[PDB]
Amino acid sequence: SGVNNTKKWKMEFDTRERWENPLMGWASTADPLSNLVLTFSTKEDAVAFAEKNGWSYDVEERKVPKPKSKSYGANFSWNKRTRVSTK
Amino acid sequence: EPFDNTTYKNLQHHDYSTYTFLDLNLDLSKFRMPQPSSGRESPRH
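Residues numbered from 1 in each chain as written, not as in the entry; some residues may be left out. Chains lettered and ligands numbered in written order. Part of a larger assembly, values for the part shown. Heavy atoms only, no water.

This deposited entry lists cryo-EM as its structure determination method and 2.76 Å as its resolution.

Asker: Where do I start with the overall build of chain A in this structure?
Answerer: When you go through chain A residue by residue, the secondary structure sums to 1 helix and 4 strands. Element order for chain A, N to C, with α for helix and β for strand: β-β-β-β-α. Computed over the C-alpha atoms, the radius of gyration of chain A is 23 Å, more than 25% above the 12 Å expected from 2.2 N^0.38 for a compact globule of 87 residues. With respect to the principal axes defined by its C-alpha atoms, chain A has extents near 65 × 40 × 20 Å. Residues classed as buried in chain A amount to 11% of the 87 residues present. Contacts in chain A between residues at least 24 apart in sequence constitute 44% of all its contacts with a sequence separation of at least 6. Counting 16 positive and 11 negative side-chain charges, chain A places the averaged centre of each group 21 Å from the other. (Helix = DSSP H or I, 4+ residues; strand = E, 2+ residues; numbered from the N terminus. Rg over C-alpha atoms; globule rule 2.2 N^0.38 Å. Buried < 20%, exposed > 50% of the residue type's maximum accessible area, 1.4 Å probe, protein only. Contact = heavy atoms within 4.5 Å. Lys, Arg positive; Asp, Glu negative; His and termini not counted. Charge placed at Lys NZ, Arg CZ, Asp CG, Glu CD.)

Asker: I tried to follow the interface of chain B and chain A on my own but got confused; where do I start?
Answerer: By a widely used convention, the size of an interface equals the accessible area lost when the partners come together. Between chain B and chain A, the residue contacts involve 6 residues of the former and 5 residues of the latter. Counting the surface lost from both chain B and chain A, the interface buries some 490 Å², and carbon and sulfur atoms represent 55% of this. When the buried surface of chain B facing chain A is broken down by residue, B:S38, B:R40 and B:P43 rank first, second and third, together holding 81% of it. Counting the contacts that link chain B with chain A gives 0 salt bridges. (Buried area = accessible area lost by both parts, 1.4 Å probe. Salt bridge = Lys/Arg side-chain N within 4 Å of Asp/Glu carboxyl O.)

Asker: Honestly, the nonpolar core in this entry has me stumped. Any pointers?
Answerer: Soluble globular proteins tend to bury their nonpolar side chains together. All names here are of chain A. Within the largest apolar cluster, 5 residues are counted, these being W9, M11, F40, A46 and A50. Within the residue set of this core, elements represented by two or more residues are strand 1 (9-12) and helix 1 (43-52). Not counting residues up to four positions away in its chain, the partners in contact with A50 are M11, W55 and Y57. (Core = buried A, V, L, I, M, F, W, Y, C linked by side-chain atoms within 4.5 Å.)

And the structure:
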């Protein structure tokens with residue numbers, strides 16, 4: 001339930017082939033950017049960095065949880081379905 | 001009528017049996033007022 005890893009914008013690159021090492025079976029890669037992740041404060045900051053470096057990018061807008069209406073008294077409603085059968 | 005404060009007059013309950021309480025509730029039902037209704041047969045309805 002912690003939300004402290006959903007504060008900052010990230011930039012990552014498309015995933016490319018990994019394969020099995022013939023000797024030990026480890027995951028081999030030829031992608032130099034496979035573990036590259038960058039952190040930004042705003043979307044405008046992240047985009048500007050990709051533009052000057054010449055990378056094409058697809059931005060995804062932040063998903064903010066909606067405010068809900070929580071009522072503890074609703075659990076024992078008289079004529080509504082929100083009454084709970086157990087605590 | 002004498003104020004004979006020397007006997008225990010709560011001896012009736014020594015004859016009650018298994019269904020005494022629920023038998024009294026059955027007789028009492030003819031007296032109760034109509035119950036209120038929430039509107040639905042249950043919260044799951």
